[PDB]
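Take a look at the structure below.
Backbone-built Cβ (ideal geometry, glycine too); neighbour counts: all protein chains shown. A short reminder: the numbers here are calculations on the coordinates, not readings from a lab.
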Amino acid sequence: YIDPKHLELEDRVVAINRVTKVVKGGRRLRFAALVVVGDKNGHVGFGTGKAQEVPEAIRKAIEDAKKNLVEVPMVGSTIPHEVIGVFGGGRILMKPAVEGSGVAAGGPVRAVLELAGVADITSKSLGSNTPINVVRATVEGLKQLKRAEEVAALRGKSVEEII
RNA sequence: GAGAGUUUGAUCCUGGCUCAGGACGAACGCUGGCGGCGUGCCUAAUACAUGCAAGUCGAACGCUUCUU
Ligand SMILES: CN[C@@H]1[C@H](O)[C@H](NC)[C@H]2O[C@@]3(O)C(=O)C[C@@H](C)O[C@H]3O[C@@H]2[C@H]1O
Ligand SMILES: [K+]
Ligand SMILES: [K+]
Ligand SMILES: [Mg+2]
Ligand SMILES: [Mg+2]
């Protein structure tokens with residue numbers, strides 16, 4: 001668990017989807033907002049908020065995202081190793097990149113990575129474009145990412161021996 | 001190793017279609033200052049006026065026309 005407090009979190013509105021519930025009189029229109037809130041230092045989360053008005057949906061989503069913050073391993077400006085994250089339709093593949101290459105990624109993955117604070121990475125989305133699913137798939141891949149120190153500790157060998 | 005639009009009242013998935021890039025012996029439209037380097041019948045191996053694109057050797061040979 002990562003406490004939102006003590007972290008200077010900033011948010012970005014990934015998607016604002018106007019959803020409809022059909023009611024006897026007609027259409028009941030609501031706004032569903034997907035938000036990604038991150039620390040630019042390795043912590044990031046995503047939250048969903050539904051409300052009659054766009055600002056309120058965004059605010060609800062922001063609070064949810066803070067609750068869901070997670071930490072991403074990072075070696076320099078890029079991730080430790082290649083990782084594929086799959087959630088539902090979403091399917092993302094993210095690879096380390098050389099320094100200065102930038103963030104090669106599309107749409108929602110861009111927000112997740114920027115907010116997380118990763119500056120250089122290569123990513124490809126092999127699944128659907130559904131923003132919620134791709135964001136979920138992104139965080140799944142990041143949770144798969146492993147630290148050299150943790151791996152070295154787990155396997156019982158020095159990190160130098162591992163590499 | 002970037003995506004985006006579009007099926008629905010709304011949603012996820014599947015799925016096609018379309019677009020954002022680059023390329024060219026290009027052509028067309030509008031427009032048009034210069035220079036360097038390059039390229040220019042992709043079609044009818046269709047038909048071709050005209051001129052030229054294969055001559056040279058007198059130290060292999062015998063002739064023949066003029067200059068004093
Ligand atoms: C018989 N009275 C109806 C009934 O109460 C409906 N709710 C069950 C009620 O529904 C509404 O309140 C609605 O929300 C829909 C609207 C077409 O009619 C409205 O009035 C509707 C009332 O007129
Ligand atoms: K349509
Ligand atoms: K599609
Ligand atoms: Mg939830
Ligand atoms: Mg020809």
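Hey, can you grab everything whose amide H is under 5 Å from the amide H of A:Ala15? Only 5+ residues off in sequence or another chain; H modelled, so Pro and N-termini drop out.
A:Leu34
Find which of A:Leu113, A:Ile58, A:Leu69 sits farthest along the positive direction of the dipole of the range A:1-116, computed with +1 on the beta-carbon of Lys and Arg, -1 on that of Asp and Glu, about the Cα centre.
Value computed over the given set: A:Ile58.
Please turn the phi angles of the range A:47-54 into ³J(HN,Hα) values with the Karplus equation 6.51 cos²θ - 1.76 cosθ + 1.60 (θ = phi - 60°), one per residue in order, whole Hz, x for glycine and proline.
x, 10, x, 10, 7, 4, 10, 4
Straight-line reach from A:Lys143: which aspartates and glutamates have Cα under 14 Å away, leaving out those fewer than 8 places along the same chain?
A:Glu71, A:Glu82
Among A:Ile121, A:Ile84, what is the fewest-to-most ranking by other Cβ atoms within 10 Å? Present the calculation step by step, with values, prior to reporting the outcome.
On the way: A:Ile121 21, A:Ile84 15.
Fewest to most other Cβ atoms nearby, the residues stand as A:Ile84, A:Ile121.
Run the reach check for A:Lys21 against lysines, Cα to Cα strictly under 20 Å, same-chain hits fewer than 8 apart removed. What comes back?
Excluding near neighbours in sequence, the set is A:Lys50, A:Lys60.
Counting other Cβ atoms within 10 Å of each Cβ, which GluC sites (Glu not before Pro) in the range A:63-140 have at most 16 and sit in a DSSP loop? If you can, show how the numbers build up before the last one.
On the way: sites: A:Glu63, A:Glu71, A:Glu82, A:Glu99, A:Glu114, A:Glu140; in loops: A:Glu82, A:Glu99.
Here the GluC sites (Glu not before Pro) that fit, given the DSSP loop and packing criteria, are A:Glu82, A:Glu99.
Treat every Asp and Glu Cβ in the range A:25-67 as -1 and every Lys and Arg Cβ as +1, leave all other atoms uncharged, and give the resulting dipole magnitude about the Cα centre to the nearest 20 debye.
Details: 9 positive and 5 negative charges, 38 e Å.
Roughly 180 debye for the range A:25-67.
Just rank A:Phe31, A:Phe46, fewest to most, by other beta-carbon atoms within 10 angstrom. Working shown, then result.
Working: A:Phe31 18, A:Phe46 27.
Ranking A:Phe31, A:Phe46 by Cβ neighbours within 10 Å, fewest first, gives A:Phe31, A:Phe46.
With charges only on Cβ, +1 for K and R and -1 for D and E, what is the dipole size of the range A:28-163 about its Cα centre, in debye, rounded to 20? Intermediate results must be reported in sequence, preceding the final value.
On the way: 18 positive and 15 negative charges, 124 e Å.
Here the range A:28-163 has a charge dipole of around 600 debye.
Residue by residue, what Karplus-based ³J(HN,Hα) values in Hz, rounded to whole numbers, does the range A:136-144 have, using 6.51, -1.76 and 1.60 with θ = phi - 60° and x for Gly and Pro?
4, 4, 4, 5, 4, x, 4, 5, 5
In whole Hz, with x marking every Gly and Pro, tabulate ³J(HN,Hα) for the range A:2-7 from phi via Karplus 6.51 cos²θ - 1.76 cosθ + 1.60, θ = phi - 60°.
Calculated HN-Hα couplings, in order: 10, 6, x, 4, 6, 10 Hz.
Given a cut-off of under 8 Å on Cα pairs at least six residues apart, what relative contact order in percent is computed for chain A? Present the calculation step by step, with values, prior to reporting the outcome.
Numbers: 386 pairs, mean separation 32.9, N = 163.
Computed over chain A, the figure is 20 percent.
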